[PDB]
Structures are given as C-alpha cells and as structure tokens.
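Below sits a lone chain in structure tokens, taken as the form deposited without this ligand.
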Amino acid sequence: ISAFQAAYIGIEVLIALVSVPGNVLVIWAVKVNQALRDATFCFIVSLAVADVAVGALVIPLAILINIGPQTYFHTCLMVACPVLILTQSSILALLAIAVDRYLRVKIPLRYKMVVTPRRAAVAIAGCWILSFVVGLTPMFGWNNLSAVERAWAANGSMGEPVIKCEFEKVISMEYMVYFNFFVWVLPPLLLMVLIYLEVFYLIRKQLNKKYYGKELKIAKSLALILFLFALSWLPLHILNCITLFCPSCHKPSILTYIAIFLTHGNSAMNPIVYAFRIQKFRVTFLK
C-alpha cells in the first residue's frame, strides 16, 4: 500500500515468527521438567507467556492498525487497547525478574525461605492486574472521544463516528506521555538500573573477599540486559514525547514505524538473554 509500510509489515511478521516459537519453547521446557519449578522460573515463565502473547496477538493487531481499515470508534478502542495491555505486561515481568535477582545477592542465606514460590505467584498476578489497568485506561474515557466528535459534527454526520483507525487517532498523547511513559515505563527502567548497579557491587564485593575474568563477564551480562531494554522501549516513547511537547516538530514517517518494531523486538530477544543463559534451562533444551 506503500513502500515503507510494506517493509514494516515484513519485519513485524518475522519478529512474530521468532517471538512465538522461542517463547513457547521456554514454556515447554518449563512444563516438561520439574527441576524448573522454583521461585525464579515462575517469573521467567511469566515473562514467557507475556512475550508469546506479544508474538501471537500484538503483532497481527499492530499490522491491522497500520493498514487503517475504516472502523467505528468504540470498536477501534477494543482493537487498540490489547496492544497496550500485553506490551506493558512484558515490561513489568522484566522488572520482577530484576527484584528476584537482587534478592539472591542481598539476602542469599534466607532467600529460599523468604521468596517462596507461593509468594512468587501473588507478585506475578500483581504484575498482570497492573498490566490490565494501564491498558484499559483508554476505554474508561481517556481518549480522543472529545476531539473526534467535534470533527465528525463539523462535516455534518450524526450517530457514532466512523474513522480511519490509527493509534494516534483514538489514543490521546497526553495519556501515552504522562501515564504510560512517565509512570509505567520510565520508573521500571530506572528501577532496573538501580537494582543492577547494586547487584554488581554485592557480586564484586564477594568475589574480591581468574577472578577478574568472571567479574567482567558478569558486568557484560548486566550491561547487555539493560541496554536491550533501553534500546527497545525508549525510542518509541521519545517519539510520542516530541509529538506532544513539540507539535510542529516534523519527523519522518518510517522513523515512527522503525521505533514500533524495536518495541516488539524486545519480546524476541527475551528468551535468548534471560532463559538461555541459565545452565539448568539450557541443558534440558539441548537434551
């Protein structure tokens, strides 16, 4: 329908087709083995079902929204809001892993008795209910229902509005910048870097108390984790920001597209970086 749009679709299709098999393989290897039923694998399969849902539902929904089929307004809210719910759940699952990996080094002796797998499930369920609220906030009245009905009435029609549905048309940008980014994406990013900087001190302190190579490998593992999260979510959110605060700031179209697939791309890199590094997890996949 357009050269740039067609390119974006193909990238999305392959992101989906690499996000759904790897993540179900994480869920498969968790369910077939019984040595992966402790506290930290609960958080990992929570991340896994979040990211496979991305590759399952978010990617087709995102492709459909981009193509813009003409749709009634309340119908487009129930299409656009599952993109918000599922992607947010990925972010909060990532945050939950980091708190788990922080407790392994802050309280290592009484770790097993404090974060018991029963308490893991309440925190996982807590992440998901917070994911659903942030996603369903547009349907509760924080949307462009106000702005669209003025434009509809001007050309003369009446009833319920029918628009070429695009994400910037039904979801207001003061929601995305002030509530999605500044409350529910930016504090999770900053809590991760504070948790992981603190983790690196405690790990380094123990090692000092042949060792330089392990310390640099641990720092390389932590850096890669933080950079991939900060490379995914940050560009798309900044583009939303400079669309709100600078309304006349013109930016190209394929820039906006390229940001979106990076956000989806995180759901593909999650099993490679998180589960494929664990030795117990890797060996039941190889065998």
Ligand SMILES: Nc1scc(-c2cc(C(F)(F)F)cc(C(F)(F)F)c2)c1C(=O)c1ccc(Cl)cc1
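Residue indices: 1-based, along the sequence shown.
This next part talks about the form deposited with this ligand bound, which is not shown.
The closest non-hydrogen atom of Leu231 lies within 4.5 Å of this ligand in the entry with it bound. Contact check for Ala56: no non-hydrogen atom falls within 4.5 Å of this ligand in the entry with it bound.
Taking the partner from the other structure, this ligand in the entry with it bound has no heavy atom within 4.5 Å of any heavy atom of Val24. Contact check for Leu14: a non-hydrogen atom falls within 4.5 Å of this ligand in the entry with it bound. Heavy atoms within 4.5 Å of this ligand in the entry with it bound are found in exactly one of 256-264, 214-222, 44-52, 29-37, that being 256-264.
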